[PDB]
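Q: Pasting the sequence and an experimental structure:
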Amino acid sequence: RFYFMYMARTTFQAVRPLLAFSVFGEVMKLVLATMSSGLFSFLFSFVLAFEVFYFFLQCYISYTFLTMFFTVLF
Amino acid sequence: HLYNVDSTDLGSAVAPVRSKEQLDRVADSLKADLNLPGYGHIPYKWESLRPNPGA
Ligand SMILES: CCCCCCCCCCCCCCCCCC(=O)OC[C@H](COP(=O)([O-])OCC(O)COP(=O)([O-])OC[C@@H](COC(=O)CCCCCCCCCCCCCCCCC)OC(=O)CCCCCCCCCCCCCCCCC)OC(=O)CCCCCCCCCCCCCCCCC
Ligand SMILES: CCCCCCCCCCCCCCCCCC(=O)OC[C@H](COP(=O)([O-])OCC[N+](C)(C)C)OC(=O)CCCCCCCCCCCCCCCCC
């Protein structure tokens, strides 16, 4: 069972950035497709920037957990 | 029997008085009698902070 647990954890930590980049991207794309005015767009630019920062945070977390999971003593 | 009427009262001898309430009443009655799904629908509205651009 430990092998299954480990592979699950590894795959989750590996796909975390892909999710942050793809599904939240689809949400942003829905919003872009639906919005027309200028005030809402001005306010949504900051959401896009926050998504940038969140993607970088997820990438850092994944890097940390992956260097923990792929570190061998011998 | 010579006239096309249901009763003997042919209405008032003076025209109505202008009234927002009477106008709204008549408009609502006409809308109900027509029963048209699509009245008041606005497919495109000029984008503006004002609710009704122009009017
Ligand atoms: C660098 C130069 C300076 C740049 C800054 C200049 C812009 C300053 C304005 C900033 C404020 C913007 C408002 C933001 C809040 C959200 C609202 C909104 O934006 O919607 C407006 C509009 C969209 O409106 P909408 O979608 O129809 O929806 C609502 C309506 O807008 C509105 O609803 P409505 O229709 O009911 O309102 C009707 C009425 C409402 O307004 C009025 O009734 C009257 C308003 C006038 C007020 C007059 C001032 C009052 C003075 C009083 C004091 C008098 C005495 C003192 C003064 C004496 C004078 C000597 O009319 C208006 O809406 C007027 C809006 C004017 C829009 C701005 C026009 C400028 C376009 C950009 C020019 C770019 C120049 C070249 C830049 C070069 C850069 C390299 O979008 C924009 O205007 C975009 C502004 C973008 C600014 C860009 C700045 C440059 C950045 C460059 C980026 C690089 C890429 C660019 C591509 C090209 C690259 C080369
Ligand atoms: C033990 C090992 C640990 C490994 C950890 C792995 C976790 C991090 C993995 C994330 C990889 C994501 C990279 C692919 C996504 C970008 C694709 C791309 O390049 O688009 C074409 C881009 C953008 O092109 P474009 O948008 O201008 O127009 C064309 C785009 N296409 C072709 C897609 C239509 O090409 C470029 O010109 C980019 C040049 C600028 C540099 C951009 C790279 C920085 C941004 C990504 C950083 C991600 C790593 C962060 C690591 C943080 C660690 C602390």
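A: Perfect, I can see it now. Numbers count the residues shown, from 1 in each chain, chains lettered A, B, ... in the order given. Ligands and ions are numbered 1, 2, ... in the order given.
Q: Pull up the residues of chain B that are close to ligand 1.
A: If contact is defined as C-beta under 6 Å from any ligand atom, the residues of chain B in contact with ligand 1 are B:47-50. (C-beta placed from N, C-alpha, C; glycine too.)
Q: can you rerun that using 8 Å?
A: The interface of chain B toward ligand 1, taken as C-beta under 8 Å from any ligand atom, is made up of B:46-50, B:53.
Q: what number of residues lie near whichever residue of chain B sits closest to ligand 1?
A: Distance from ligand 1 to each residue of chain B (C-beta to the nearest ligand atom) is smallest for residue B:48, at 3.0 Å. Other residues near residue B:48 number 10, with proximity taken as other C-beta atoms under 10 Å in any protein chain shown.
Q: do the same with residue A:20
A: When counting by other C-beta under 10 Å, one arrives at 19 neighbours for residue A:20.
Q: To which secondary structure element is it assigned?
A: Here residue A:20 is covered by helix A:2-34, with elements defined by DSSP states H and E.
Q: and that helix with ligand 2, contact?
A: Yes - using C-beta under 8 Å from any ligand atom as the criterion, contacts between helix A:2-34 and ligand 2 involve A:14, A:17, A:21.
Q: Just put those in TSV and tack on neighbour count.
A: Compiled in TSV, the residues of helix A:2-34 next to ligand 2 are given as follows (neighbours: other C-beta atoms under 10 Å in any protein chain shown):
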residue	neighbour count
A:14	13
A:17	18
A:21	14
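Q: of all those, which comes closest to chain B?
A: Compare each of the residues of helix A:2-34 next to ligand 2 with chain B using C-beta to the nearest C-beta and the shortest gap goes to residue A:21, at 31.0 Å.
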